[PDB]
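Scroll down for the structure; my scribbles are underneath it.
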Amino acid sequence: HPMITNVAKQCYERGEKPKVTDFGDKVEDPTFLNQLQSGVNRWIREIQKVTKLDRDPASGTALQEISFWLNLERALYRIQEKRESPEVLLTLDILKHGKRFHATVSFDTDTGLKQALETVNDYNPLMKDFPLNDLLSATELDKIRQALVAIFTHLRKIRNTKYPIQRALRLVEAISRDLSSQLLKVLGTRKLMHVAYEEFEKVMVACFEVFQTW
Amino acid sequence: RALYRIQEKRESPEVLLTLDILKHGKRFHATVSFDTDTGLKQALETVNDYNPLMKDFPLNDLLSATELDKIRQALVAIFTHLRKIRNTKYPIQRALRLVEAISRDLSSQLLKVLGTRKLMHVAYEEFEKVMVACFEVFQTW
Amino acid sequence: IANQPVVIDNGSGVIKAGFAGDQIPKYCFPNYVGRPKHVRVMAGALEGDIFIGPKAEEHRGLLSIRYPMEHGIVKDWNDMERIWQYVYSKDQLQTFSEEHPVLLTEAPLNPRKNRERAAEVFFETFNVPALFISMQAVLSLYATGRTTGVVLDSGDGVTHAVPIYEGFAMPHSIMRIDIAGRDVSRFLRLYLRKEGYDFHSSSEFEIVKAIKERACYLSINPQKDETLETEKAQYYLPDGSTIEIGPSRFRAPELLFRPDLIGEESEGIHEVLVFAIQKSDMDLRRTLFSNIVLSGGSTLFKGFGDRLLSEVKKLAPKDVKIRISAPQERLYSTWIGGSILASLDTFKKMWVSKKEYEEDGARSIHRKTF
Ligand SMILES: Nc1ncnc2c1ncn2[C@@H]1O[C@H](COP(=O)(O)OP(=O)(O)O)[C@@H](O)[C@H]1O
Ligand SMILES: [Mg+2]
């Protein structure tokens, strides 16, 4: 709010933290409190625009899902930092002073920021060390098998992470799509026409070893 | 906004002092004419009465729409906002002229979008999709 | 999500409006519309044909006064729309109506169409985000802080005894009569006419109302005071003239306890209270007698509490303690209750949302209110 910004500027120029009493009689003005509460409602709307975000797991590759969840955590922590700022806390304190408890309780709960943060932190172990960078960078069948084994060793850590079973299954489908693309790209470069049959048997033995590992 | 500026100027100490001096000299011609012949009070009443309809009109959403569903939703918003006329004392004939103007803007926006579509060039099923979307917009109107 | 809810206790006599959480209603004004009845001749006269609020009181001699409500029921809905618009104007609440949920109050046993039309006006004309038509008596008891008791609310238009048990108003024990402060002032006008002092104009009915509020009392023994020689206290009228009241001073508020003085075969206020108590459960009668809460403006007559206590003791059973509570904030008790209710987070679950009214209509308020 411009008035809160002006008072914060005035109290910072004096080298002092802001306070509710710095506004004085303006805290009792119904119009000022109504403007602050409308601003807080707008803040709740903007925060809900982010905390309600979700992405279809079937569409897009697994890297897209992991990037989405990591960016969701990155933005949720930024919003959490912005909520603790002196200006927002001063606005909430002023509204609480005028007994406009609706705005404060809604901002505490109606935003859903706490639930979203709890869920995204619960999702943190799975997205923290998701090893698909090795598979996407792998150019040999042995490296692809090693990356697949590492991927499933990391998916072993889904027991202590809350995740929908259907969503995890779609994520495994995405991993399969990436594996198919990587195998297609690797075997395309082998130039099977310009080489003999024993190496072909070796290549298919490696490929079906990868499939059995899957 | 201009009438609010004029009203703020009228309440300034200089104007009030001038009127008080003219009253003390019994020059009631100027003071009575300033109080009555300005029409500032009636103009302020009229614009303040009209303000809820003019405040935050969603016409921009119709003007910035580049897809037919967006145009339909903007028309929904525009008519829902035009439903606020009951609170005001707006002239109903002026409201119908405003609806005429909104129709002109809708026609211009539809012409622009269909010009970007190049209807005759594209295949027939895409043409039918665009046509049913446009006629849904007209039914919404 | 919306701004802080706006409490509007719309009585028949005076409307009391404010924002939820305020200690008292900051925006109280009489519930009538004044229209000038004289000929505007010169430029610079008063602007506008509708005078509501203190502008109507300042120029009271210039205006014909019209009351939209009568016995808690809106008789003129255009005037009610004008008044509720004035509640939102730059003079009162300084805010737009499209942003604040509303907690309107309605007297018990009102017509259904009254509540339906009020909700229609508040959702269509004012475009409120939400609405909640409450009942005055239960709010008054909430304001007192108790959860169980009997609220004998006597306002300008309607008086009613409502027993509440643990916050729930028992609907089959509500007693209501339409004899209230406005009827007492009309009776006072009739008696002043019988004493030679005659008032006709709707603006002079407000002078009669002021005479009622200033010099009128309830005698503990009506028959004893009736037979004795009167004192004839003198009242100074606004123009500077004086009038000697005498016997009309105490026989005017007698109408509350004896409606038969105007030919109505309806119960008295004490009878209303006692019949509301005795219509309830036999288990609750002792605690209802021990918890009686007065409310409304007509309960402010001098000696009202003692007279009502005497009448209730005459009608009540023996060995039953009677405690009539008369809090100082009787005028604003119901508004303070509305403010207390609207402050709670549970009030979010109580209002009829705008979309609910849009999809259902009158049925939404019909289920949500009850
Ligand atoms: N001190 C008083 N003594 C007697 N009557 C009063 C007094 N103050 C207000 N009244 C009466 O009370 C009525 C208003 O009561 P109120 O509680 O505002 O009614 P409502 O519930 O309709 O708002 C007025 O008609 C007025 O005549
Ligand atoms: Mg009342």
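Going through the structure tokens in order, the chains are called A, B, and so on, while each chain numbers its residues from 1 and the ligands are numbered from 1 in the order shown.
For range 208-213 of chain C, the non-local neighbours within 9 Å, defined as residues at least 6 positions apart in the same chain or in other chains and counting only C-alpha atoms, are residues 181, 182, 184, 185, 186, 188, 189, 192, 199, 235, 237, 249, 252, 253, 300 and 301 of chain C.
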List all protein, DNA and RNA residues that have an atom no more than 10 Å from any atom of ligand 2, counting only C-alpha atoms and all ligand atoms, and report them as a PDB file with N, CA and C atoms, in the first residue's frame.
ATOM      1  N   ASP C   9     -28.023  -3.718  11.084  1.00  0.00           N
ATOM      2  CA  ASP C   9     -29.247  -3.956  11.835  1.00  0.00           C
ATOM      3  C   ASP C   9     -30.268  -2.920  11.390  1.00  0.00           C
ATOM      4  N   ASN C  10     -31.171  -3.324  10.504  1.00  0.00           N
ATOM      5  CA  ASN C  10     -32.190  -2.428   9.960  1.00  0.00           C
ATOM      6  C   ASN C  10     -33.456  -2.613  10.788  1.00  0.00           C
ATOM      7  N   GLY C  11     -33.627  -1.750  11.783  1.00  0.00           N
ATOM      8  CA  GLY C  11     -34.848  -1.718  12.552  1.00  0.00           C
ATOM      9  C   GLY C  11     -35.925  -0.927  11.845  1.00  0.00           C
ATOM     10  N   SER C  12     -37.117  -0.948  12.437  1.00  0.00           N
ATOM     11  CA  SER C  12     -38.198  -0.132  11.905  1.00  0.00           C
ATOM     12  C   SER C  12     -37.979   1.343  12.208  1.00  0.00           C
ATOM     13  N   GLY C  13     -37.329   1.652  13.330  1.00  0.00           N
ATOM     14  CA  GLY C  13     -37.135   3.025  13.748  1.00  0.00           C
ATOM     15  C   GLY C  13     -35.826   3.634  13.296  1.00  0.00           C
ATOM     16  N   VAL C  14     -34.708   2.987  13.618  1.00  0.00           N
ATOM     17  CA  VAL C  14     -33.376   3.489  13.296  1.00  0.00           C
ATOM     18  C   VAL C  14     -32.535   2.338  12.762  1.00  0.00           C
ATOM     19  N   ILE C  15     -31.805   2.593  11.682  1.00  0.00           N
ATOM     20  CA  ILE C  15     -30.861   1.632  11.128  1.00  0.00           C
ATOM     21  C   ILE C  15     -29.516   1.870  11.795  1.00  0.00           C
ATOM     22  N   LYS C  16     -28.815   0.782  12.103  1.00  0.00           N
ATOM     23  CA  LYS C  16     -27.507   0.817  12.742  1.00  0.00           C
ATOM     24  C   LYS C  16     -26.557  -0.030  11.911  1.00  0.00           C
ATOM     25  N   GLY C  72     -41.740  -4.103  11.431  1.00  0.00           N
ATOM     26  CA  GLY C  72     -40.651  -4.942  10.981  1.00  0.00           C
ATOM     27  C   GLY C  72     -40.762  -5.433   9.557  1.00  0.00           C
ATOM     28  N   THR C 105     -30.302  -8.151   9.485  1.00  0.00           N
ATOM     29  CA  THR C 105     -31.112  -8.673  10.576  1.00  0.00           C
ATOM     30  C   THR C 105     -32.585  -8.534  10.220  1.00  0.00           C
ATOM     31  N   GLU C 106     -33.389  -9.488  10.681  1.00  0.00           N
ATOM     32  CA  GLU C 106     -34.818  -9.507  10.413  1.00  0.00           C
ATOM     33  C   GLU C 106     -35.543  -9.970  11.664  1.00  0.00           C
ATOM     34  N   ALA C 107     -36.691  -9.361  11.945  1.00  0.00           N
ATOM     35  CA  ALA C 107     -37.430  -9.721  13.141  1.00  0.00           C
ATOM     36  C   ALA C 107     -38.066 -11.101  12.965  1.00  0.00           C
ATOM     37  N   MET C 135     -31.409 -13.194  12.851  1.00  0.00           N
ATOM     38  CA  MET C 135     -32.529 -12.830  13.703  1.00  0.00           C
ATOM     39  C   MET C 135     -31.993 -12.013  14.868  1.00  0.00           C
ATOM     40  N   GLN C 136     -32.758 -11.003  15.276  1.00  0.00           N
ATOM     41  CA  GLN C 136     -32.235  -9.992  16.188  1.00  0.00           C
ATOM     42  C   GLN C 136     -32.008 -10.538  17.592  1.00  0.00           C
ATOM     43  N   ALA C 137     -32.928 -11.361  18.093  1.00  0.00           N
ATOM     44  CA  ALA C 137     -32.892 -11.773  19.492  1.00  0.00           C
ATOM     45  C   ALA C 137     -31.674 -12.635  19.806  1.00  0.00           C
ATOM     46  N   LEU C 139     -28.879 -12.665  18.274  1.00  0.00           N
ATOM     47  CA  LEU C 139     -27.717 -11.785  18.250  1.00  0.00           C
ATOM     48  C   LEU C 139     -27.607 -10.987  19.540  1.00  0.00           C
ATOM     49  N   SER C 140     -28.727 -10.485  20.060  1.00  0.00           N
ATOM     50  CA  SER C 140     -28.674  -9.748  21.319  1.00  0.00           C
ATOM     51  C   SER C 140     -28.142 -10.625  22.444  1.00  0.00           C
ATOM     52  N   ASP C 153     -36.922  -8.496  23.110  1.00  0.00           N
ATOM     53  CA  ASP C 153     -36.520  -7.349  22.309  1.00  0.00           C
ATOM     54  C   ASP C 153     -37.757  -6.531  21.972  1.00  0.00           C
ATOM     55  N   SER C 154     -37.782  -5.278  22.429  1.00  0.00           N
ATOM     56  CA  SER C 154     -38.921  -4.371  22.139  1.00  0.00           C
ATOM     57  C   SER C 154     -38.412  -3.170  21.347  1.00  0.00           C
ATOM     58  N   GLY C 155     -38.565  -3.196  20.026  1.00  0.00           N
ATOM     59  CA  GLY C 155     -38.049  -2.112  19.174  1.00  0.00           C
ATOM     60  C   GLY C 155     -39.096  -1.082  18.810  1.00  0.00           C
ATOM     61  N   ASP C 156     -38.829  -0.273  17.785  1.00  0.00           N
ATOM     62  CA  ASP C 156     -39.816   0.716  17.281  1.00  0.00           C
ATOM     63  C   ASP C 156     -41.016   0.028  16.636  1.00  0.00           C
ATOM     64  N   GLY C 157     -40.796  -1.027  15.852  1.00  0.00           N
ATOM     65  CA  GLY C 157     -41.928  -1.618  15.114  1.00  0.00           C
ATOM     66  C   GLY C 157     -42.498  -2.891  15.705  1.00  0.00           C
ATOM     67  N   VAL C 158     -41.655  -3.782  16.227  1.00  0.00           N
ATOM     68  CA  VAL C 158     -42.173  -5.103  16.687  1.00  0.00           C
ATOM     69  C   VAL C 158     -41.505  -5.509  17.997  1.00  0.00           C
ATOM     70  N   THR C 159     -42.274  -6.051  18.942  1.00  0.00           N
ATOM     71  CA  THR C 159     -41.669  -6.576  20.158  1.00  0.00           C
ATOM     72  C   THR C 159     -41.885  -8.078  20.190  1.00  0.00           C
ATOM     73  N   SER C 295     -33.800  -5.836  25.470  1.00  0.00           N
ATOM     74  CA  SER C 295     -33.146  -5.309  24.285  1.00  0.00           C
ATOM     75  C   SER C 295     -34.098  -4.352  23.589  1.00  0.00           C
ATOM     76  N   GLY C 296     -33.555  -3.580  22.658  1.00  0.00           N
ATOM     77  CA  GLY C 296     -34.340  -2.638  21.895  1.00  0.00           C
ATOM     78  C   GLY C 296     -34.528  -1.317  22.615  1.00  0.00           C
ATOM     79  N   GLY C 297     -35.033  -0.339  21.864  1.00  0.00           N
ATOM     80  CA  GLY C 297     -35.176   1.002  22.396  1.00  0.00           C
ATOM     81  C   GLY C 297     -36.326   1.183  23.359  1.00  0.00           C
ATOM     82  N   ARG C 330     -28.424  -1.483  25.362  1.00  0.00           N
ATOM     83  CA  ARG C 330     -29.649  -2.108  24.878  1.00  0.00           C
ATOM     84  C   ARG C 330     -29.945  -1.724  23.437  1.00  0.00           C
ATOM     85  N   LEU C 331     -29.696  -0.467  23.067  1.00  0.00           N
ATOM     86  CA  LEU C 331     -29.983  -0.025  21.707  1.00  0.00           C
ATOM     87  C   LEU C 331     -29.138  -0.778  20.688  1.00  0.00           C
ATOM     88  N   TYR C 332     -27.859  -0.994  20.995  1.00  0.00           N
ATOM     89  CA  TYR C 332     -26.902  -1.591  20.072  1.00  0.00           C
ATOM     90  C   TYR C 332     -26.543  -3.025  20.440  1.00  0.00           C
ATOM     91  N   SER C 333     -27.344  -3.682  21.279  1.00  0.00           N
ATOM     92  CA  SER C 333     -27.032  -5.052  21.669  1.00  0.00           C
ATOM     93  C   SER C 333     -27.094  -5.984  20.467  1.00  0.00           C
ATOM     94  N   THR C 334     -28.145  -5.859  19.658  1.00  0.00           N
ATOM     95  CA  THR C 334     -28.284  -6.751  18.510  1.00  0.00           C
ATOM     96  C   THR C 334     -27.217  -6.473  17.456  1.00  0.00           C
ATOM     97  N   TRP C 335     -26.840  -5.207  17.270  1.00  0.00           N
ATOM     98  CA  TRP C 335     -25.754  -4.922  16.340  1.00  0.00           C
ATOM     99  C   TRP C 335     -24.434  -5.469  16.860  1.00  0.00           C
TER     100      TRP C 335
END
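Candidate residues C:50, C:162, C:273, C:294 were compared for distance to ligand 1, and the nearest is C:294, using only C-alpha atoms and all ligand atoms.
Set the cut-off at 9 Å, count only C-alpha atoms, and the residues of chain C near chain A turn out to be residues 1, 2, 3, 4, 5, 19, 20, 21, 22, 93, 94, 95, 99, 343, 344 and 345 of chain C.
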> Counting only C-alpha atoms, which residues of chain C come no farther than 9 Å from chain B, as a VMD selection string?
Replying inline: chain C and resid 43 to 44 124 to 127
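For range 243-245 of chain C, the residues within 10 Å (counting only C-alpha atoms, excluding itself and residues fewer than 2 positions away along the chain) are residues 191, 192, 195, 196, 197, 211, 215, 216, 230, 231, 232, 233, 234, 235, 236, 237, 241, 247, 248, 249 and 250 of chain C.
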Include C-alpha atoms and write out the residues we just selected as a PDB file, in the first residue's frame.
ATOM      1  CA  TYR C 191     -53.399  11.484  24.315  1.00  0.00           C
ATOM      2  CA  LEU C 192     -51.730  14.836  23.646  1.00  0.00           C
ATOM      3  CA  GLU C 195     -54.985  17.199  26.272  1.00  0.00           C
ATOM      4  CA  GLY C 196     -55.459  20.010  23.722  1.00  0.00           C
ATOM      5  CA  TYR C 197     -51.983  19.827  22.139  1.00  0.00           C
ATOM      6  CA  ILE C 211     -41.550  13.864  23.910  1.00  0.00           C
ATOM      7  CA  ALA C 215     -40.729  12.806  29.422  1.00  0.00           C
ATOM      8  CA  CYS C 216     -42.456   9.441  29.792  1.00  0.00           C
ATOM      9  CA  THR C 230     -50.917  14.630  38.412  1.00  0.00           C
ATOM     10  CA  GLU C 231     -47.804  16.810  38.520  1.00  0.00           C
ATOM     11  CA  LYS C 232     -48.064  18.210  34.957  1.00  0.00           C
ATOM     12  CA  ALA C 233     -44.401  18.380  34.022  1.00  0.00           C
ATOM     13  CA  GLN C 234     -43.766  20.992  31.333  1.00  0.00           C
ATOM     14  CA  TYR C 235     -41.945  20.192  28.090  1.00  0.00           C
ATOM     15  CA  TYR C 236     -40.285  22.807  25.874  1.00  0.00           C
ATOM     16  CA  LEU C 237     -41.087  22.382  22.191  1.00  0.00           C
ATOM     17  CA  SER C 241     -43.431  27.000  23.276  1.00  0.00           C
ATOM     18  CA  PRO C 247     -51.563  12.170  32.920  1.00  0.00           C
ATOM     19  CA  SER C 248     -50.375  11.334  29.390  1.00  0.00           C
ATOM     20  CA  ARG C 249     -46.812  11.063  30.723  1.00  0.00           C
ATOM     21  CA  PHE C 250     -47.355   7.555  32.162  1.00  0.00           C
TER      22      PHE C 250
END
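Residues of range 17-53 of chain C that DSSP places in strand (DSSP E), based on the backbone of this structure, are residues 17, 18, 19, 27, 28, 29, 30, 33, 34, 35 and 36 of chain C.
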> Among chain B, which residues carry a DSSP assignment of alpha helix (DSSP H), reported as a VMD selection string?
Replying inline: chain B and resid 2 to 10 13 to 24 28 to 36 40 to 54 59 to 63 68 to 82 92 to 117 124 to 140
>> Neighbouring residues of residue 7 in chain C were defined as those with any atom within 8 Å, considering only C-alpha atoms; residues of the same chain fewer than 5 positions away were excluded. Please report them as an MDAnalysis selection string.
In response: chainID C and resid 17:20 102:104 335 338:339 342
>> Env of range 7-16 of chain B: 9 Å cut, atoms = only C-alpha atoms, seq-sep filter 4 positions within chain, self excluded. Answer as a list in words.
In response: residues 2, 3, 20, 21, 40, 41 and 44 of chain B
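Omitting residue 150 in chain A and its sequence neighbours fewer than 5 positions away, and counting only C-alpha atoms, the residues within 10 Å are residues 130, 131, 132, 134, 135, 144, 145, 155 and 156 of chain A.
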Output C-alpha atoms for every residue in that selection, as an mmCIF file, in the first residue's frame.
data_model
loop_
_atom_site.group_PDB
_atom_site.id
_atom_site.type_symbol
_atom_site.label_atom_id
_atom_site.label_comp_id
_atom_site.auth_asym_id
_atom_site.auth_seq_id
_atom_site.Cartn_x
_atom_site.Cartn_y
_atom_site.Cartn_z
ATOM 1 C CA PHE A 130 16.798 -37.730 -9.715
ATOM 2 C CA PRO A 131 19.629 -39.108 -11.902
ATOM 3 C CA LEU A 132 18.195 -38.768 -15.444
ATOM 4 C CA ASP A 134 23.314 -39.444 -16.598
ATOM 5 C CA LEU A 135 20.894 -41.350 -18.844
ATOM 6 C CA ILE A 144 22.554 -46.698 -20.245
ATOM 7 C CA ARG A 145 22.190 -49.849 -18.134
ATOM 8 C CA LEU A 155 13.131 -44.685 -7.098
ATOM 9 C CA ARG A 156 13.722 -47.085 -4.193
#
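Distance-wise, CA of residue 142 in chain A and CA of residue 209 in chain A end up 9.5 Å apart.
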As a PDB file with N, CA and C atoms, in the first residue's frame, please: the residues near residue 128 in chain A (cut-off 12 Å, only C-alpha atoms, same-chain neighbours under 5 positions excluded).
ATOM      1  N   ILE A  66      10.391 -33.051 -13.313  1.00  0.00           N
ATOM      2  CA  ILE A  66      11.338 -32.744 -12.248  1.00  0.00           C
ATOM      3  C   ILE A  66      11.653 -31.253 -12.232  1.00  0.00           C
ATOM      4  N   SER A  67      11.842 -30.653 -13.410  1.00  0.00           N
ATOM      5  CA  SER A  67      12.076 -29.216 -13.477  1.00  0.00           C
ATOM      6  C   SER A  67      10.881 -28.446 -12.935  1.00  0.00           C
ATOM      7  N   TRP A  69       8.718 -29.443 -10.643  1.00  0.00           N
ATOM      8  CA  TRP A  69       8.625 -29.559  -9.189  1.00  0.00           C
ATOM      9  C   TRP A  69       9.732 -28.773  -8.493  1.00  0.00           C
ATOM     10  N   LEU A  70      10.948 -28.796  -9.042  1.00  0.00           N
ATOM     11  CA  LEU A  70      12.026 -28.011  -8.450  1.00  0.00           C
ATOM     12  C   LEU A  70      11.732 -26.518  -8.547  1.00  0.00           C
ATOM     13  N   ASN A  71      11.188 -26.066  -9.679  1.00  0.00           N
ATOM     14  CA  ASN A  71      10.821 -24.660  -9.806  1.00  0.00           C
ATOM     15  C   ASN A  71       9.654 -24.307  -8.895  1.00  0.00           C
ATOM     16  N   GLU A  73       9.174 -25.637  -5.906  1.00  0.00           N
ATOM     17  CA  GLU A  73       9.828 -25.420  -4.620  1.00  0.00           C
ATOM     18  C   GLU A  73      10.564 -24.087  -4.571  1.00  0.00           C
ATOM     19  N   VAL A 120       5.481 -30.089  -1.115  1.00  0.00           N
ATOM     20  CA  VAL A 120       6.642 -29.978  -1.996  1.00  0.00           C
ATOM     21  C   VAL A 120       7.909 -30.394  -1.259  1.00  0.00           C
ATOM     22  N   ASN A 121       7.956 -30.176   0.061  1.00  0.00           N
ATOM     23  CA  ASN A 121       9.068 -30.699   0.846  1.00  0.00           C
ATOM     24  C   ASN A 121       8.968 -32.212   0.992  1.00  0.00           C
ATOM     25  N   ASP A 122       7.746 -32.740   1.090  1.00  0.00           N
ATOM     26  CA  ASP A 122       7.577 -34.188   1.105  1.00  0.00           C
ATOM     27  C   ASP A 122       8.007 -34.799  -0.223  1.00  0.00           C
ATOM     28  N   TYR A 123       7.796 -34.075  -1.322  1.00  0.00           N
ATOM     29  CA  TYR A 123       8.267 -34.507  -2.631  1.00  0.00           C
ATOM     30  C   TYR A 123       9.765 -34.294  -2.814  1.00  0.00           C
ATOM     31  N   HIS A 154      17.323 -44.959  -7.136  1.00  0.00           N
ATOM     32  CA  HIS A 154      16.793 -43.725  -6.572  1.00  0.00           C
ATOM     33  C   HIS A 154      15.283 -43.795  -6.372  1.00  0.00           C
ATOM     34  N   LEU A 155      14.558 -44.439  -7.291  1.00  0.00           N
ATOM     35  CA  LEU A 155      13.131 -44.685  -7.098  1.00  0.00           C
ATOM     36  C   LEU A 155      12.852 -45.593  -5.910  1.00  0.00           C
ATOM     37  N   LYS A 157      13.808 -44.875  -3.126  1.00  0.00           N
ATOM     38  CA  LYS A 157      13.551 -43.881  -2.088  1.00  0.00           C
ATOM     39  C   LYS A 157      12.141 -43.276  -2.172  1.00  0.00           C
ATOM     40  N   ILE A 158      11.222 -43.896  -2.921  1.00  0.00           N
ATOM     41  CA  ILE A 158       9.833 -43.444  -2.947  1.00  0.00           C
ATOM     42  C   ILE A 158       9.032 -43.937  -1.749  1.00  0.00           C
ATOM     43  N   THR A 161       8.708 -41.006   0.622  1.00  0.00           N
ATOM     44  CA  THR A 161       8.257 -39.788  -0.041  1.00  0.00           C
ATOM     45  C   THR A 161       6.795 -39.969  -0.423  1.00  0.00           C
TER      46      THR A 161
END
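Comparing the minimum interatomic distances between ligand 1 and each of C:64, C:364, C:298, C:201, counting only C-alpha atoms and all ligand atoms, we find that C:298 sits nearest.
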